[PDB]
Amino acid sequence: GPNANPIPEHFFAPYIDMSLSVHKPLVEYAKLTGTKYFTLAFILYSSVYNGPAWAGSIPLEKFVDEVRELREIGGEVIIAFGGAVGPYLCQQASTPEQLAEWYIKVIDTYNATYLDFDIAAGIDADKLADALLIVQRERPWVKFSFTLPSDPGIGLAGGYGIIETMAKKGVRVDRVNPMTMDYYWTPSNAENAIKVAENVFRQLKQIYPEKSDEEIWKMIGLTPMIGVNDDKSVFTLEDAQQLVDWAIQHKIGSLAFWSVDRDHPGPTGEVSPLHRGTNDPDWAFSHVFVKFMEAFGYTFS
Ligand SMILES: CC(=O)N[C@@H]1[C@@H](O)[C@H](O[C@@H]2O[C@H](CO)[C@@H](O[C@@H]3O[C@H](CO)[C@@H](O[C@@H]4O[C@H](CO)[C@@H](O[C@@H]5O[C@H](CO)[C@@H](O)[C@H](O)[C@H]5NC(C)=O)[C@H](O)[C@H]4NC(C)=O)[C@H](O)[C@H]3NC(C)=O)[C@H](O)[C@H]2NC(C)=O)[C@@H](CO)O[C@H]1O
Ligand SMILES: [Mg+2]
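Reading the values: the criteria
Residues numbered from 1 in each chain as written, not as in the entry; some residues may be left out. Chains lettered and ligands numbered in written order. Heavy atoms only, no water. Axes fitted to C-alpha atoms, helices over the stretch in contact; angles between N-to-C directions. Helix = DSSP H or I, 4+ residues; strand = E, 2+ residues; numbered from the N terminus. Parallel < 35°, antiparallel > 145°, perpendicular 65-115°, else oblique. Contact = heavy atoms within 4.5 Å. Nonpolar A, V, L, I, M, F, W, Y, C, P; charged D, E, K, R; others polar. Core = buried A, V, L, I, M, F, W, Y, C linked by side-chain atoms within 4.5 Å. Buried < 20%, exposed > 50% of the residue type's maximum accessible area, 1.4 Å probe, protein only. Right-handed = clockwise from strand over helix to strand, strands pointing away. Pairing = 2+ DSSP bridges.

Per the PDB record, this model was obtained through X-ray crystallography at a reported resolution of 1.80 Å.

The name that the PDB entry assigns to the protein chain is Chitinase, with the source organism given as Pyrococcus furiosus.

## Re the packing of helix α9 (residues 237–250) against helix α10 (residues 284–295)
One way to put it is that α9 packs onto α10 with a least axis distance of 9 Å and a crossing angle of 10°. Overall, the two elements α9 and α10 adopt an arrangement that is roughly parallel. Packed against α9, whose contacting residues are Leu237, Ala240, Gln241, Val244, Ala247 and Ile248, the element α10 presents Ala284, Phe285, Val288, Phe289, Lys291, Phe292 and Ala295 at the interface. Across the contact of α9 with α10, the residue classes tally to 11 nonpolar, one polar and one charged.

## Comments concerning the nonpolar core
Formed by 94 residues in total, the largest nonpolar core has its most connected members in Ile79 and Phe146. Setting aside its immediate chain neighbours within four residues, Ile79 contacts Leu40, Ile43, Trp54, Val106, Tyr110, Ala112, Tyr114, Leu115 and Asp116. Counting nine residues, the second largest nonpolar core, distinct from the first, contains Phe42, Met179, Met181 and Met225.

## Examining the pairing of strand β3 (residues 37–46)
Of all the 10 residues making up β3, 10 are buried; the element is thus mostly covered by neighbouring parts of the structure. Between the parallel elements strand β2 (residues 15–17) and β3, the chain passes through helix α1 (residues 26–33) in a crossover that is right-handed. In this sheet, strand β5 (residues 76–82) lies alongside β3 in parallel orientation, the contact comprising five bridges. Across the sheet, residue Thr39 finds its bridge partner in β5, namely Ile78. Relative to strand β4 (residues 51–54), β3 runs antiparallel, the two being bridged by four bridges. Bridge pairing in β4 links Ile43 to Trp54.

## Focus: the sheet that holds strand β1 (residues 11–12)
Taking strand neighbours across the sheet as the criterion, the three strands line up as β1-β13-β10 in an open arrangement whose pairing is parallel. Among the strands making up the open sheet, the edge pair consists of β1 and β10 (221–222). Where β10 lies against strand β13 (residues 254–255), two bridges are found, and the strand directions are parallel. The residue of β13 that forms the bridge with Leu222 is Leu255.

What follows is the structure in structure tokens.
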């Protein structure tokens, strides 16, 4: 389209924490990582602006030019709300109407075609669904992704109720993206990410029993935390390769990871937003995950 670009059927759009001082232009990340699709994190409620802002404090419009430049090389973005630290727009908004207004302001500022609701805290799912009914009516070209905590013994946790609510209310659910990380009782590896995927498959089949197996896998994305996780387990480069091969075999919809600015070597086992606490060279995980898109037609020089 004039500005917005197509996202591939099978895509890799890793998270960038837009608020970090190390932040590079998106086009530069595209060159370094090999992917021209990113999930931009995170929009939160700012008291100062009484509305949406990066990290809940940085002007919403700050990155408009960067997105325009990425679109010049055929790239595209998913805008993410929420994450580990609040306050979320959906928590602060008093009505679904106010919430929808905020979401629509973000869509219109970025000409967004895909939003990601990264819900890792207690919320009022009914209010969210009511807001999203307004958003999809007013902006019917915008896809919705739900990124949620997960565990290999259960699949989605309370996040499952969010998807159940969406389905019942008639809110589009284009992507369900479990965060295959930080289990604390068992390590963040490929085997456990695959167990999460299988559990989420069963969960989505229970909500949408009319969907074919292929339709369910297409709805699923997986998002690990690269290298050292907060719980000290390590999602290794070997894990990355195993997960990518599994994801290709199952023709799932998407992969992402936390995070682009962490794809650098760092002191062993240290948790940082600026490196991954392993010795793999710069951009090593990015290059492995890009193979997921390459299997299905993607090329970028
Ligand atoms: C099933 C279940 O219930 N499982 C839970 C499990 O959820 C719990 O662990 C938590 O898991 C969630 C995912 O479910 C983790 O959140 C993920 O993972 C990312 C890595 O931890 C997380 O990255 C952090 O994001 C912060 C913002 O939200 C970043 O804050 C930044 O801090 C900087 C200063 O240090 C500052 O300069 C920046 O401005 C600031 N950025 C913003 C936007 O405010 C932070 O840097 C970053 N951390 C790192 C190391 O990079 C993401 O938010 C989120 N990922 C995605 C894709 O959304 C969460 O972190 C886990 N918490 C813990 C404590 O492990 C688990 C533990 O409670 O219990 C299980 O049972
Ligand atoms: Mg929100």
